[PDB]
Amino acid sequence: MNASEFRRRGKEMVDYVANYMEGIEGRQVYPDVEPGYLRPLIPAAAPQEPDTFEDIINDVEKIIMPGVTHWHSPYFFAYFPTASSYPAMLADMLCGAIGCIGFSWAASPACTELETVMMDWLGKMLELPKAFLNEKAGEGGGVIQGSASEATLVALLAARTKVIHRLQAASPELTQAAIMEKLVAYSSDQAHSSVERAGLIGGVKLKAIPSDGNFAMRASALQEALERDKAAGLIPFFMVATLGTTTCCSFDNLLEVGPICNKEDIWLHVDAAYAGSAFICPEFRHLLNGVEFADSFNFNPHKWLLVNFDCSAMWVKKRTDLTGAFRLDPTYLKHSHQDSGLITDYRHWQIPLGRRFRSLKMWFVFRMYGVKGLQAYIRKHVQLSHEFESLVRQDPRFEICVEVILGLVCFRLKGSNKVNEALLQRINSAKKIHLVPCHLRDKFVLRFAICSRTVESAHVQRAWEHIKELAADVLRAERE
């Protein structure tokens, strides 16, 4: 295809995207397809001769769309929100056009330099401590990561490298493997699965700290675990404190855990993938207090800040902890400005080497929406979460398991876990709304998450009507 053909087809794809978004409420949020639906509907081999764009866009509606779970339908209340903003889509078109692979500054200076300033913009929006900000002064800085799971793994690998060199400095004969056998990392019992995967990838032991009644990590439980493990020969090195847990959007206490991790020389990484976007609002910034004790902080703008996937923002106190570890400098990836402190090569900050101009999406979203526009988007979602909470609190057959703060409501029918599992099956079978469950201790709990950018008060009210209607049918069958 040439450019003149892309002018026509590209503007047609713009119309198809806008039409799909304007009629997404007419779409069923969850598909009716069964596993293995797509392969019988398309040929087994690639076409030797070119197919037409009209046949491809027809196959999108006929084959692809039926097997699509619409994350951006207003009736999608599953997991956590994912970002869909038109400014980010416009920037992705320019990003693919420039087509730069910015592993180094020489690969494309604008790709690296725009990312560093955008991380300052975001850091100042969240009112982060100045130690995390690279304002052409200071040892800290930020980087776009592909995912919060990758950012957690990168933080663990940097902590593992630092503790190995410290222990080998004290005991030069100590081998790395013997250190690895005693290394232990910590997380909450409400932590995301990325923490355990990172520990399994890093070859280190991971232990879960018991949470309190509010499902938050406290200083007492951490001190009890450190007391047991250090007496057993284990060397704590890494800690993941979670703000806005996947289960119930609970918040670990950084003011209690932070100072403990600093005394114990434990690297403190803060995982606030979902809740981090709300910290640009001053009413929720108090939940971030204690990040000054953290060595690394990460949140996902591709969740609740309208910067389409992929975009994960990660700041560090000392860049040399990241740039010094896993450092390779091949001649084919060398340039003359590598030693300049004004810039950097983000390849050392990430597991991959290649990377794209993702900072254009942050630039576009921040400028076209503004800080006040993003703050209004956050507050409308939290207001809608409290509106769903009010409806549940008006029915004595239901109960709210955890305090509602930032767009997630954990609710359940009072009684067995079987009656709540039956209600979820009825909901997902009707396919009018989409919700996902969680397990708080031994309790089966349903989750209601405000996700879509176009969600309104009407959609939440209709979803509660659907849940209340199915609850009576399920509660009736329990009495028979």
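We number the residues from 1 along the sequence you see. What we label the rigid core is the largest C-alpha set whose atoms superpose within 1.5 Å from one form to the other.
Farther from the shown form on average, by C-alpha root mean square after a core fit in 4 other deposited structures of this protein, is 170-178, of the stretches 170-178 and 209-217. Here 254-262 and 73-81 are scored by the root mean square distance of their C-alpha atoms in 4 other deposited structures of this protein, with each structure fitted by the rigid core; the higher score goes to 73-81.
Annotation: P396 does not belong to the positions left without coordinates in a third of the other compared entries; each one with flanking residues models it. Among other deposited entries of this protein with both flanking residues present, at least a third omit coordinates for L342. Averaged over CA atoms, B-factors in the entry run higher in 336-344 than in the other of 336-344 and 145-153. Comparing 422-430 with 37-45, the higher mean C-alpha B-factor in the PDB entry belongs to 422-430. For the set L406, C111, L306, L94, the maximum C-alpha B-factor listed in the entry falls on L406. Looking at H72, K136, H381, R356, the one whose CA carries the top B-factor in the deposited record is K136. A185: CA B factor in the middle third of modelled residues in this chain (values from the PDB entry). For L413, the recorded CA temperature factor ranks within the highest third of the chain's modelled residues. The entry lists a Cα temperature factor for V445 that places it in the highest third of the chain's modelled residues. In this PDB entry, the Cα temperature factor of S390 sits in the middle third of its chain's modelled residues. Residue-level temperature factors show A471 in the highest third of its chain, judged at the C-alpha atom.
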